[PDB]
Each structure stands twice: as C-alpha cells, then as structure tokens.
Amino acid sequence: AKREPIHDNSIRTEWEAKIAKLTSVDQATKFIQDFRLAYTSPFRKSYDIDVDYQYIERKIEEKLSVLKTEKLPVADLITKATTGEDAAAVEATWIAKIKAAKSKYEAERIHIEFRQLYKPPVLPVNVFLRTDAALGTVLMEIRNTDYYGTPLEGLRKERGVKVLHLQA
Amino acid sequence: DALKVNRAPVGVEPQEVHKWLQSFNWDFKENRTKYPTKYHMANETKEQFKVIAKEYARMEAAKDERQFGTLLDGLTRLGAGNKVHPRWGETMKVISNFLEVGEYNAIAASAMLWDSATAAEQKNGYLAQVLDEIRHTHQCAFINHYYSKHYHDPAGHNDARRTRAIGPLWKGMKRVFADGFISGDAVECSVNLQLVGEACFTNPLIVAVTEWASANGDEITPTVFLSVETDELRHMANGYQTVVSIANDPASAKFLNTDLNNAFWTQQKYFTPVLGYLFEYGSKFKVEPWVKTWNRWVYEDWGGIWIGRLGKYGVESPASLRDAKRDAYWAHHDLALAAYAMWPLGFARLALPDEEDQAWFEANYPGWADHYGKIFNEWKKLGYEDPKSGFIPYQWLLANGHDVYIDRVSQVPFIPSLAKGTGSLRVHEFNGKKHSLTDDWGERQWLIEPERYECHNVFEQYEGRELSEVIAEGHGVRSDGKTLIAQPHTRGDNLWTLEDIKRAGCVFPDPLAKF
Amino acid sequence: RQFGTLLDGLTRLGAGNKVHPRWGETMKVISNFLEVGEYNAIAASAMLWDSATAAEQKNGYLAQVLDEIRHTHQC
Amino acid sequence: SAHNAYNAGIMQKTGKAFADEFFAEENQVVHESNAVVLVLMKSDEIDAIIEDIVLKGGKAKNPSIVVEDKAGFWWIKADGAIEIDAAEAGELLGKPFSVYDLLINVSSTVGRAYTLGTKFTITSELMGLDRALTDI
Amino acid sequence: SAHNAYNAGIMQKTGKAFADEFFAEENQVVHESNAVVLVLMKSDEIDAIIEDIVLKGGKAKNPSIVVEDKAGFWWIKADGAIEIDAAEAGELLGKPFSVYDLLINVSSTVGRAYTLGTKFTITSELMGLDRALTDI
Amino acid sequence: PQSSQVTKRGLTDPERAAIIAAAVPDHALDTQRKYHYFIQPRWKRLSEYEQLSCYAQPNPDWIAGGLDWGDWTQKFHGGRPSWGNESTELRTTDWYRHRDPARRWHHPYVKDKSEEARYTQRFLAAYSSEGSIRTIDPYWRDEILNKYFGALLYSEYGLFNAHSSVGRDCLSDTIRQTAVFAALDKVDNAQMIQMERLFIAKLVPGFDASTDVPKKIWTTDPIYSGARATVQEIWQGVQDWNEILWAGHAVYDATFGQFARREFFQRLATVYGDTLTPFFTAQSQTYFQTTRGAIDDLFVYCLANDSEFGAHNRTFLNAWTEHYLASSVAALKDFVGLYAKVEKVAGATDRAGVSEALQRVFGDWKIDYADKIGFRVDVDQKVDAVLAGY
Amino acid sequence: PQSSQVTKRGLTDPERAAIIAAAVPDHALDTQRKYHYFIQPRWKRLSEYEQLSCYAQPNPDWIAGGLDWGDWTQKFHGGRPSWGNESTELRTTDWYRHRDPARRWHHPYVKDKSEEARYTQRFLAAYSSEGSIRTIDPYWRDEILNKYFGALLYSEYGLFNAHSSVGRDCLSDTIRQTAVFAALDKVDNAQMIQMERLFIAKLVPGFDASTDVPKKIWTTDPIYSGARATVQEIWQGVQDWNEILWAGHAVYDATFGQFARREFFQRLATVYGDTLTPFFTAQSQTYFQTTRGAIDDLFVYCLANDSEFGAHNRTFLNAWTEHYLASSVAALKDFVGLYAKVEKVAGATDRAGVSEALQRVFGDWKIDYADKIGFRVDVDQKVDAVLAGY
Ligand SMILES: [Fe+3]
Ligand SMILES: [Fe+3]
Ligand SMILES: [Fe+3]
C-alpha cells in the first residue's frame, strides 16, 4: 500500500461525505453500529481503513449526537439507548450475559461486542461507563486467574493465530 | 465569660487537623470506586506523610522560590544555559519532554487511585500526588522553556509536544509513562506508576541523571530534577500504601504477583534500554557504566529493599527478572543501532561515539567493539555525518537483511539479526492482520488480551511514503522551513535539509510483508 | 531570588571556596565596613524623615530607613 | 559499614569479572536487604545537617551509615533506620525549621519513610503492616 | 553614540598620556552632561528586556544608547532619557509584570529616575524643579 | 575518601570546561526561542501559563484538538481507551480551547495559597492574644457554629471527592488544572472549618471540636437532608466529567453553597458578634470567585458557544440544570429550617430577610449562569419554593 | 563588540579557575564557623536574627554594652555626640539586651507583609464579585465608617511620625529594628483605612473617599479632641526615645487605640452587617499584638528589672504612665460620645455594653502592663471616668 498523509486524505474525505447524508437518529444508529462491527476491535471484519477508522468514528459520533439533540425529547437523552431500548435494561442484560460466561474467550467477546454496539452516543454516557466498568471487572478476574498456566504453544492454539514465523 | 479568657498565643498545627481527616468520609451505599478493579482497598489505611492543603502549598512554594532564584537569577547571570556539552543539551530535549508526559499522565493516574481508595487518609496521599504531578509537568516544561531561551540550539527544545509524534521512540514512552499509568485495573496502574515507575525507575531517570548532567556542564537539570524528586518520594510511599491496603484481601493472593510481574516487565522493557542509551550515547563525559547504575538502583536496592522485604507478605521476586538482567547489559547498545539508524525521525542532534568513547565502551562491555563498534565505524566511513553522502543507515540495515520490527505490545524496536539483549521474533496472523511480538512476557499479554494492544506502528502509518515527506508533514524542521531539527552530528555547520534526505530515496516498507 | 541563588545554587556548586584568597580576605573588610554605613544610614534617614514637612518627602526617607535595615542584614 | 558503600561488592569488578558475577545464577532473584537509602539534595541547610547531625550523632547511633558525594546530592545508605529531628536541625541552623522545611531538600527514599511530630524517619520496617502508623 | 561608551575620550589613554589629560586645567571643574546612566542587574527577565526592548525599540527612538557587558550587570548610557514600559516587558515575558517588578533588577541610576503608571523613566531633566511630578 | 569517583563538574572544572567550550558553536542554530511558539494565544501575546500547560496532554487527532496520531499503546480490558470521546456527552471542535482567566499554573497557585497558610497562623495567634472570643454570643458559638457550620464541612468534602473521576477522565491539560485546583480548594475549605473548631477548643474549655456531632448532623439531621442527597448524587451517581463540574460548581455550589456560606454563616456571624468566622469565610468565598472565573470560561464562554456544538451542548446543559436546580432548591428548602433555631433579627433572620437573601443568590445565579446558556428561570418562583420550608 | 574588556569570570573561566585553585589551601585556617560566635544567646542556641543584628551599632564602652572605644569621629556643632546617654532618662547595664520575641530581621518582616499585601488584593477582587457590600447598613457605611473610621487614620499616622526621632536617637540595633517595624506597621494601618475607603468608592456611586471630611473631623470634631492632643504631644512634644515608645504603644495605643479599633470599629461592624471592615482590623490587631511582644520585652522584661537600674527605671515609667494614662482617659471620654450617633443595641452600644468593653480594655492593660511595672490602677475608677462622657 502507499499511505496518504495522516490527518487529511481521500479515505477520511469520502467517509465524511457519507456521514453528511445521515438525516435521522435511526439511520445514524444503524450506520454507527455497522461501522463499529465492521472496523473496530481485534474481531473487526476488515483492517482496510485501520489508520483512519478512529477519526471517522469520531465524525459519525458527532453526527449521531447532534441528530439526537435535534430530534429526541430531553428525557430520552437521559434514559434510552438510541435503538429505542431502555438504558437501564441494556445495563442489566449485558452484566447478566458476562456473569454467565464460562471462559475468558466467551467473556472477552461479550465485553467487546457490548462496546461495539452501545458506545456513546448510542447509550447515555453515565449508563455506558458504569456498565463497561462492571463488565471489565468480570473479564479481568477471569483472565488474571492462573495467568501463567497455559504455555505459549497452547495459548497460540487457543487464540487461533496462524503462526507465520518463530525465530530460532 | 465576656471579661475573662486565656490570652496565650496559640495556633493550630497541620498534624492537629490531619488527625481528623479519617472521619471526613461517611457511609452510603453508592460510596465505592467507579473504576474496574479486582481488589478492595481497606477502609482504615493511614498515610505516611501528614499533609493538609495549606501546608502542602507552604511547603511547595518554598521549594519553588529557591529553584526559580537559582535559575532566573544566579545561573542566568553566569550564562550557564550555553555552557553544556552539545551532546547533553540535545539529550535533554528528549529526557525532559518525554518525562513530561509521565508527569502529566501521573496526574490522571493518581486521581483514578484517589477514586479507588476508601480511606480518607489514603485518598489524601493520592490527592497530594495529583497536585505534585501538575508541578512536575510545569517543571519539565520549564527546563525546555529555559533551554529554548538560553542554549545554542532551541529547535526541538521549543516544539517537542508536536515534533515527538514523528518518531518511533516516542511510542514506547507512551506505553510505560502514559497508557501504562491510566489504562487497566487501578492496582495494575498503581504498580506500573508508583511501585515500579516511581519507586524504581525515577531513581536513575531523575536522581542519578543529575550527576551525568553536571559532568557534561548542565546545572539547570540538577536544580529542577532534584526538586522534582523531593515530591516523588511521597509517591513511592503511595505505591507502598496501595499494597498495604489490599494486603488482607484474598484477591491479592490470587492476582497481585501477576499484576506486579506484568508491570515490572512493562517498565523495564523501555527504560532499561532507553535510559542506558540516553546516558551513555547522549553524553560526552560518562559517570559509570549504565549496567552498574541499574545494578545499584534497580537490582540490589529497589529489589532488596522493596520487593525482597515484601516477601513475608506474598510478594515474589518477579519472574521476568532474569530476562531483565540480560537487557540491562546489552539492550541499550541494541537500541543505539536503531536510534542512530533512524536519526532523521527524531528531534535531537546525535553524535557517534568518538575514539575515546569507543575505548570506554569496550572496557566496560567486552565485545562491544567487535559487534556495535564495527557497525558505527562502517557507517562513519559511508558518510553518516555528511549531508552530500546520500547515506541513511536504515537503508543499509535493510540491504544487509537487518530488518527492524516494532513490538505490537511495548512499541520497542527490535533487530533480531543483531540484538544481544533478550527476545526473539514471533510473527502471527490473526483475523487478517499480521503482528510482530518480541519476547515471552509481551507475547502472552497480547495472546490473552488482544483488544488492549491495537497500537498502529510507524511502518503501518508511513508505508510507502518517502522520509522527507513524513518529516515535512510532521513539522520536523527549523524555522527556515527546510533544515531538519534532527542531525547526525553536533557541529554548527553542514546541517542536513529536507533535500539532502530526499536524495537518499528512503521509502518506508512493510516489514511483515515477507512473512 | 537572592537567597535561592545563595542557599541553593551557589552552595551546591561549592562557590564559597572558589574565590582567590586575596579577594576573600578583602571581602572581610568591604562587607563589614560597608555594614556600618548601612546601619548608620537607618538613623540618618530617620533624622531626615523628622526634618521634612511634606508627607511624601517623609515617605521617601521612611522607605530608605527600611532599606538600610535590609542592607545591614545583607552585608 | 563497607557493605553500604555505593561501589560495594560486585560494583568493584569490571569487564568480564563483573559480567560473570552479574549473570551468576544466585543473582537472578532479588535478595532481601535491611538497608535504607536516603538522598539529600545539596543546599546550605542540608550541608550543615550532614556535617553536624548525620556524620556526628547519627553515625554514633548507627555506625553502618555511609555518606557519598554525588556532586549535586548526598547519597546515604545505612542498616535499619535513619532518623532526623527537624527540631534539632533548627537549633543548629538558628532559624524556624519544621519537618516540612526539612522535606524541601530530601530528594529520595529507598525505604519506608514517614513524618511524625518534628521527626522524619526512613526505616527498613514494613510500616502499617508490621508496625502501625500513629497520630500525634 | 561613541561619546557614551564606557571607555570614551580620556579613558582610551594609558600611562603618561592619561595623566597629562587627567591633570589638565580644563578638567579641574565638572562639565555639565545631558547623559543618563542606567545599570541593570543580569537576570532572565532583564536579559530579554535588553535584547527586545532596549536594543530594538529603545535604540530606534534614541540612537545614542550604548550598552556594555560588565559581567554581572549591564551598563547603559544614553543622551537625554531612557524609558521602559513595564506593560510592554510583561507582554514580552508572558507573565504579570508591574513597574515594581521591573525595579527588582534595576540596580543603579545616574540621572533623575521616577515611576509613573507602568513606566519607569530615567531623565537628564531636573524633575520637581524644571518639570513637576504628577499623580496618576 | 569514598568508594565512588567524585565527579568533576563541566561548568567549573578547568579541563572539562575547556573541552566543552571548544565544542559549542559560535552561533545559534535556530532563532525561534519562544517555547511552543505555535500555540494560539488567547490574549494579546502568549502567556507563560499557556506555554507551560497547552498540549502536555498527548491527544491524537481523533480527540478534537489533538496533534498526535494512532491508537493508544495500552487500553483497558475490553477496549476502553486511555482517554476517549465516550467520557462525556458534550462535544467541541477543540478540547484545548479553555483558559483559566487567572492563568494559574502550579507555581502561582501554591504561592498564593502559601500566603494564606502563613497569614492564617499569625492571625490566630494574635486573635487568641486579643481575647476577642469573649465577645461572641455563646449560643451562636456552641449551637449554630460548632454543630451546623461543623456539618457543612461534609458538603465541601463531598464536592471535593466528586472531582476524583473528573481528574482521571477529562480531555485536556488546561481543564484538568482547573478541575484539580478547584478540588483542592474544596478540601481546603473542609479542613479550615475543622481548623476553626479546633482553634475555638483551645480557647473555650469544654468546647468539643471532635467531628462526631457534626457528622451525626450531616448524615441524620433533616436540615442537611437535601444537601447530602445532592452531593452523594453529584459525586458517586454520575461519571460524565462535564456534568460533575457543571452540577457541582455552577448549580449546587452556586445556589446552596453560596447561601449557606455567605448568606447564613458569614452574614449572621456579623449580627451575633462573631469576629472569627468571617476570617475563614473570606477564604472560601475568594476560592469560590476564582473557581467561577474558570468554570465560566469552560462552560459559558466556550462550550455553550462552540461553533459546531453550542446548541447541542446547551441541550445537555439545560437538562442538567433543570435536574440539579430542583435538587438544590429542595436542599435549600430543608436548610432554611435552621432559622427556627436562631434569634429573630429584622431584615436578617425574619421572613423578609431570608427572602431578600434568597433573592440575592438566585438573582445573581440567573445573571452569572442561567441567562448565559438560555435557561429560563423565574427567580420569584424559586424564592417562594424555598420559603415553603421557612 | 564594546569599548571595554569583557571580564573573564574566575568561577568559570578555565585559565582563571586553574590559577585560583592552585592558590586556595587544602585545609581550613580556622574551625570557628559560627558568625559572631561571641554573642550571648537569649534562647537555647544563637539565632540568625541575633547573628545578623547584634553589635551592628558601633557603640563604645561608655554607652552601656558597647565593644568599641574612644570618642566619635565627628559630632554636632556644640558637642552633641552621634549617640549618647543624654538621649533618654532610662539607664541599663547593656543596651543590646533586647530581643524581639518574633525574631524579625528584615527578610521575615517583608516576607510576612508581602503575603498580606497580595492576599488583600485577591480578597478585594472576590468581595466585589460577591456583591457583599449590598448587606451593609448604609448609615454605618456612610456616617460612622466613612467619617469616623476615616478620621482614625490620623491617629495611626501621628503614632507613625512619633518614631522619626526614635529611629535616629535610640541606642542599640535590636531596639532600632523593633521601633522601625512598629512605625511602618502604624503607617500601613493608616494606608489600609484609606484603601478601604477608596475600595468602597468603586462599589457605591457617590461615596466620597477623599480625606477632606476625615481630616476636618480629626482636627475639629470634639469626639477626637483628646486623642489628637495626646498624639501631637507624644510625637512633637517630647524627644526621650523610651518615653515616646512607652507612651505611644504601651499607654495610648493600648488603651484608646485598642478601644477604638477593636471595641468600637471592629466589634460594631459585626452588629451592623459590615463584612469588609473586619478584614482590615484583622491586620491592625495582628500588628498590635506583634508590636506588643517586642515592647513588653524591652520595657517590662528588661528595663523594669535591670539589675542595677530597675527601680530607677520604674520611677520614670510610673511617672510617664500617670501622665499619659490621664491623657488617654480624657481621649476615651471624648470618644465615647460617638455612641450617641449609633443605634442602641443591648450589650453592645448601651451603657452596659460600653462599660463591659471599657472593662476589657483597662483590665487587659492592667494585666499586660500595669501590674508588671508596679503601677497601681483602679480599673473601675477609670471605667467610671470614661462613662462620664457617654
Ligand atoms: Fe512526578
Ligand atoms: Fe510521581
Ligand atoms: Fe544602603
């Protein structure tokens, strides 16, 4: 690949043109969730825009947040996700899912997907931070148990990497 | 009554107020930390320094007045700002501005610890640290501000908060002294920041450096850094109080040694090679071999007096120590190869070791001359210093098979074909992305915790771009718009410009494309 | 600023014993002889404050009275 | 005493002799130490404390104290504990001097250090674990 | 300008040449001078004022200014008057700076010197005799 | 001697100084000597405050205003970034825009507070020599002051603790300085109230300066019931760091706090002969006005007028205000019950006096804050709601 | 370049440093490093205050305590000595015995006052932002405060000027320091009253802060008639420098001054809602107690107990006291007429309140000064004499 400059390039300019065409809270919510499932976390579907996705994500958040304040009633801003769900209900649901996880690999996927789907502006900040914090407490207690137990050879097979080179 | 009373003169001393502090907190069901953590800090922890807000200010203002008198009055009248050996005045661009981000991020880390603790006294120790790290941010800034005004090369002293972003060394500093302080379990952050970063590595970085500074003509840095560390010692006590406060929590038996070993490796991975590099290669006059400095401060004194003594409470000698000792001997020489080879991406001017430096290196690290010194002397002959040479050594490494990789976890560069310090290359593909890892401890961190470690590296960001365009876009030039801040020599003539770099034709590759 | 330079910076440099002996001896006489001039200037300025009738003029002498205490202690 | 020198033990070796000891298997784990290390920044007040408190009464009560000149600071290492009474420093200096004024030029502690009353103590003891902290 | 040099006129002669002029009958009475002499103590703030106020705008308004380096202080001599606005010094330094802060490092005046507002003036004029002092 | 080399100084050793002097070029290598010359100055020229503070925070370009690039090197388990846009509902084109109008970096801040530290002890030693305590009404002394002023330290202590997550989470260096200095001043206020009480105990035998009674009152006396509930919510109930600052300083502390400190404890000290308490409220009120200058810059001058997000931000500011102003009015309605415990003085503690004091607090607040963000408030309506509890 | 040599520094120039290092001996030439080690310390060890102050005055052996010898080099026309025993009636075995208990040499003295200087301006800027002036009784403001408090600056200004000849004439260095610092604090008090008045003028349109009315009142209003007469006498009527200090501080300022500043203007500010004036009287009263510690040492602890002249000195002190106490009682009797101009408040401005305030001033004075020099005084008798003018 030949990268363009860092802060101003054709990838970012094109995505800003798409984002400017979002006109409703429902449309913007779908857009940002798809974007975050597609392009963020180690389970993203594509690394194609790896060096630009974080800036682009900020611009989608900006559009969704303004649409929220122009189109939703004030009480919705405090108590609902933009999916229409009850914010407190999203909280109780995902804390329940992670406390039922059996492995670190199940727990890790729940926490990552929760953030992919509900990161602000989808969920209210206060509700989101508190849930994210409770999910992380669980994830860490699972992962940090017997941290040095599995040898690297086993961890590599559990994780699912393709080992391309190991120096001798 | 209204006619009699005792009229002896009395006031109220700070320790009289401090004794009531524990009772300022009060009980309610929502009264708990907002931050994720595996541990529970005990409600009854006391602090070692009895400080209240008024006495805090009194004590710190008295330090400042003496420090700013020495700087603005005495050392300015003596002309001390331009009496520094050029190699050292360049090294201080990097030391003071890189340390600055650690001071800055320690503000936020200490505040996260103040949130975590339940005992008012313990919150108060962290709170004093929060204010101190603001002091230190401004103090590191003041050093580079003073050098900008008084030293013969202000470029890079005057703009590092933006020009540090060009180069690879800055990424590793953000891991140990920025993200490592604030991103994680509050207790993992505490061990990274206080028990290891502050109680272990600031002794070399902030205290021991002052002797190197003075040897090279710099009395500005001792004036400030020795004052900085007067506060730092109270932060060492904060790190220890963290451990005290979780000592009776069963989670510590489960988790604390894992968090400690991860933090110890995190900190040493960067500071062991980078301080040894800045001390030995960024000085003319040397105080002692870096491996002796590390032995005294890190292995024998911190290791024996902090970790060794905590043995009776379940703290183990860190499992990664043996690997760390090999790095202390060789890894700063490995890093020098990468730092000198990629000199145009930095913001300071460098000097190859001279004939008497080389003799000292070989005497204190037998074998240096046949491995590192042969390479530096070849580069010198090829025109390393000469802007008409067309020669940039990063290209020479690639031509001879000596690829540079970036560790996905620590961001420290690694040259497996030349390195004598700890580590070995692992290249994985995961979900369509290739990753290079360089040691056993950080490979495990990434395998278990891949969503913590997604940091773009300079080859990913600059792939296929020509060096001089990256330097120009990053503002890595002097006020004429064309002479680089960075230079491969410390002389006052024959400085490299953007067009001298462009003539070498150096384009960033993707190092993992061959795998 | 003055006491920072002295008690912090110049003390750490060892400056007190980096003086040529002839000059460090001369300063015995210069600073202590000048001291009596600073001291007696306190009383002289006060006598001038008494002499003057204009409040502003008394005030200039009064500032001098305080200064010469400063200088006595400085010598 | 000479065990507390900056250049004690392995630090006197050079070249290959140093490397052989540094990489010896016995030295790949930490060894518990009962020492404390105190760093004092050079200043008029500190240099008097060093000469008339640390090196006279201090060394009389603790003969293990070693003091080394590191140009800009004093490096002090002792067995067990070092104690400095700010009340005594003030009498020596002839000016008001609380424990907080002493801390103006106390630059580092490898040890458990704390303030109680007029006294600054740096100790090998595990304060708050083996011995409680008190109020005045 | 060169009449205001420290070593102007007789000061360039040595030995007997100096003595002959120093003892000449014309030089046994004072000669009235329209010069002022300003001494500024070296410090971070003063060295910036010298470079960016005195030697740029100052010398533009008064080409007679001569500045000499006397190691610990700057010796300045000019025809007529020298004026320094503390308000302008503060903008240059980026910090609060009143006329009283400027006086922290103003070490001597041979001339009539006074403070009015933010401005410090040293002048050949006989203030309070030929020209009155005012309030703000 | 000593075991290690005594290092020769390069500044003063003749050999090393000679070598250094031969290496230093005879000319400067650049002429730009203004440190971080590219910062955009808020005032006529760059200040030292801006130079030492601005861009110390290493934000990347995906946090508005940042100069760096790429992801953080190490994030939380799960992915939470070191700093991120998810920390607050508000938005701006540049998080580094804020300036404290008092331009406090660390040194002027502790210099000023050190003057207050030392002067306070000189004042207390003289006040005890004067015997001026003899002239204070002993009911005000042992009943209102000791117990109800004592209890107010918990309100200041809770506002202080509300800043812990703010100090971790906020998104620029000038904001973080403003927030931390605000936090220390609030815990200073709490410690000064306890200092006053401890001082009185040295002068009046059997005065009990223990915190037990004040803490019982704060936690269980209905006079403080609404105050304590608002403070527990602001501190531990939310984590949006802009919400905490705005709610804490611009609503709760500007209404209940200003009434309790100035209209009640300071103003009534100067009707029952208390010459000691106004020395201490002089500090808290000074700290309140310095903090207000900075909170105003951040919220009123900047975020409420951000060229792209101003109206967006006022939507949240207005919602927040509606919620915390109701909490604060409730807190005041509980508090004015204290007036049943004090001597009725015309124009001070009678209904007319309390109504004029409430009119001062709410009318000031409307001018200082409400009008400036578009928030409609009927002062008379709020005064009447509080008088309901009189 | 420049016309004159650029001098090479001996500290840093390698050539000159090398020459200096070769001339400095390798050992100390004496081991006595305590500056003026022979001063007799008042406390456990020599203080820096004593070291920097004691024997700066070059007295000869014919002025008690002096270390030098011979006549002065130049005397007044007629023969008056530079300093001499003829300057005062009191006698002592050693004029250098006095110590200020607060140990003020010049640096701690201006350090402390600089803290009060800068804090005062921060307080005034906040007080004006608070709008706390709204709550002050406008009659107290424009009638008592502006005019009668304004006029009190002339009493402080006259006490200040009484020190001019004291500063010239007194016989030792610690005494001269005590006297000069006392003088500056008195003129500071005068300037602070005018600062308050000027501050109020910025906040209240048409408040007249000109000194014209205060000066008319001081010079012509019978309320100040006895005060002004005593101050004119203490200042310009005598030249014995011990008489001036004793009369000014230990009698007049300890009785009339303490009543006027603390019992009237400070105490009544805290009944008519004045939250501004007690900030300023906090300083004057602090300055009064610091000055008292030093005056006590000089007169009460030392001169009244001098081993050879104590009874001799008490004869003069008792005569002086009898004369100036009568002047001061007269001054107070004129002053308490002011109470006819203010609102009657029980226990404050009624006859019972004024009588308890006078009992505080005179009873304190008896304990602080009168008992300690053998002076018999009937407090009740003095209180009744003042109430005659009520
Ligand atoms: Fe720090
Ligand atoms: Fe720290
Ligand atoms: Fe003088």
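Counting starts at 1 for both ligands and their atoms, in listed order. The analysis underlying the following values was restricted to heavy atoms, covering all of them including side chains, and did not include hydrogens, waters or symmetry mates. Note on naming: letters A, B, ... go to the chains in the order of the sequence lines (proteins, then strands), and numbering restarts at 1 for each one.
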A.B. asks: One thing to verify: whether F/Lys111 and B/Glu65 come together as a salt bridge, which I'm taking to mean a side-chain N less than 4.0 angstrom from a carboxylate O.
C.D. replies: yes

A.B. asks: Return the name of the atom in B/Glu232, of element N, O or S, nearest to the Fe ion (ligand 2).
C.D. replies: OE1

A.B. asks: Given B/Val224, which of B/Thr210, B/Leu71, B/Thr70 fulfils the side chain to side chain contact (heavy atoms under 4.5 Å, CB included) condition?
C.D. replies: B/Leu71

A.B. asks: In terms of side-chain heavy atoms, does B/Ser227 have a donor or acceptor partner in B/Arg135 at a distance below 3.5 Å?
C.D. replies: yes

A.B. asks: Starting from the Fe ion (ligand 2), look over the N/O/S atoms of B/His235 and name the nearest one.
C.D. replies: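 In B/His235, the N, O or S atom with the shortest distance to the Fe ion (ligand 2) is ND1.
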
A.B. asks: Between the side chains of B/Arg161 and B/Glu100, is the shortest nitrogen-to-carboxylate-oxygen separation below 4.0 Å, so that they form an ion pair?
C.D. replies: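 Yes.
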
A.B. asks: Strictly under 2.8 Å of the Fe ion (ligand 3): which protein N/O/S atoms qualify?
C.D. replies: C/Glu38 OE1, C/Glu68 OE1, C/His71 ND1

A.B. asks: As an exercise, state the distance from CZ of G/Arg104 to CD1 of C/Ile69, rounded to the nearest 0.5 Å.
C.D. replies: 10.5 Å

A.B. asks: Is it true that C/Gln74 and C/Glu38 share a donor-acceptor pair across their side chains at a distance under 3.5 Å?
C.D. replies: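 Per modelled atom types, C/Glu38 and C/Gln74 side chains form no pair under 3.5 Å.
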
A.B. asks: Is B/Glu198 close enough to the Fe ion (ligand 2) to have an N, O or S atom under 2.8 Å?
C.D. replies: yes

A.B. asks: Pick out which of B/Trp294, B/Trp265, B/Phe201 makes a ring-ring contact (aromatic ring centres under 6.0 Å, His included) with B/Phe271.
C.D. replies: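 Going through the options one by one, the only one that passes is B/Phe201.
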
